[PDB]
Amino acid sequence: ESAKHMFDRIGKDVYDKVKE
């Protein structure tokens with residue numbers, strides 16, 4: 001759901017833009 005779609009994105013969004 002929402003807390004496993006926003007947290008799923010956040011986990012590899014400002015983690016993917018962080019590791020770059």
# chains A, B, ... in the order shown; residues from 1 in each chain; ligands from 1
call {"tool": "select_by_dssp", "arguments": {"residues": "chain A", "states": "alpha helix (DSSP H)", "output": "PyMOL selection string"}}
result
chain A and resi 6-11+16-19
call {"tool": "atom_distance", "arguments": {"atom1": "CA of residue 20 in chain A", "atom2": "CA of residue 2 in chain A"}}
result
26.0 Å
call {"tool": "decode", "arguments": {"residues": "chain A", "atoms": "N, CA and C atoms", "output": "short mmCIF file (atom, residue, chain, number, x, y, z; two decimals), in the first residue's frame"}}
result
data_model
loop_
_atom_site.label_atom_id
_atom_site.label_comp_id
_atom_site.auth_asym_id
_atom_site.auth_seq_id
_atom_site.Cartn_x
_atom_site.Cartn_y
_atom_site.Cartn_z
N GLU A 1 0.82 -1.25 0.00
CA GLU A 1 0.00 0.00 0.00
C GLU A 1 0.86 1.31 0.00
N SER A 2 0.25 2.41 0.48
CA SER A 2 0.88 3.75 0.57
C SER A 2 2.20 3.78 1.35
N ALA A 3 2.20 3.15 2.53
CA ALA A 3 3.43 3.03 3.38
C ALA A 3 4.50 1.95 3.00
N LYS A 4 4.31 1.45 1.79
CA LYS A 4 5.15 0.47 1.06
C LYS A 4 5.21 0.77 -0.49
N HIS A 5 4.90 2.02 -0.85
CA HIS A 5 4.93 2.63 -2.19
C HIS A 5 5.71 3.96 -2.01
N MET A 6 5.38 4.81 -1.00
CA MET A 6 6.10 6.06 -0.69
C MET A 6 7.44 5.61 -0.06
N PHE A 7 7.43 4.74 0.98
CA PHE A 7 8.66 4.18 1.60
C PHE A 7 9.51 3.35 0.59
N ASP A 8 8.86 2.64 -0.36
CA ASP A 8 9.56 1.86 -1.43
C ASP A 8 10.34 2.85 -2.36
N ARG A 9 9.64 3.92 -2.82
CA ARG A 9 10.23 5.00 -3.66
C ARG A 9 11.32 5.74 -2.86
N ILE A 10 10.99 6.34 -1.70
CA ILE A 10 11.95 7.05 -0.79
C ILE A 10 13.26 6.23 -0.53
N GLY A 11 13.10 4.92 -0.29
CA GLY A 11 14.21 3.97 -0.09
C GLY A 11 15.24 3.85 -1.25
N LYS A 12 14.80 4.13 -2.49
CA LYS A 12 15.64 4.14 -3.71
C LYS A 12 15.30 5.36 -4.64
N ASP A 13 15.17 6.55 -4.03
CA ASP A 13 14.91 7.86 -4.68
C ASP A 13 15.90 8.77 -3.99
N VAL A 14 15.75 9.01 -2.67
CA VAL A 14 16.75 9.83 -1.93
C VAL A 14 17.70 8.90 -1.07
N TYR A 15 18.14 7.96 -1.88
CA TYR A 15 19.09 6.87 -1.65
C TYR A 15 19.75 6.73 -3.06
N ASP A 16 18.97 6.65 -4.19
CA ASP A 16 19.55 6.60 -5.56
C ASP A 16 20.16 7.99 -5.90
N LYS A 17 19.45 9.11 -5.61
CA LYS A 17 19.99 10.48 -5.83
C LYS A 17 21.13 10.82 -4.77
N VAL A 18 21.20 10.05 -3.64
CA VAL A 18 22.21 10.18 -2.56
C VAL A 18 23.52 9.44 -2.97
N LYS A 19 23.44 8.15 -3.33
CA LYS A 19 24.60 7.35 -3.80
C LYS A 19 25.24 7.88 -5.14
N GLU A 20 24.55 8.77 -5.88
CA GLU A 20 25.02 9.39 -7.13
C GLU A 20 25.85 10.67 -6.86
#
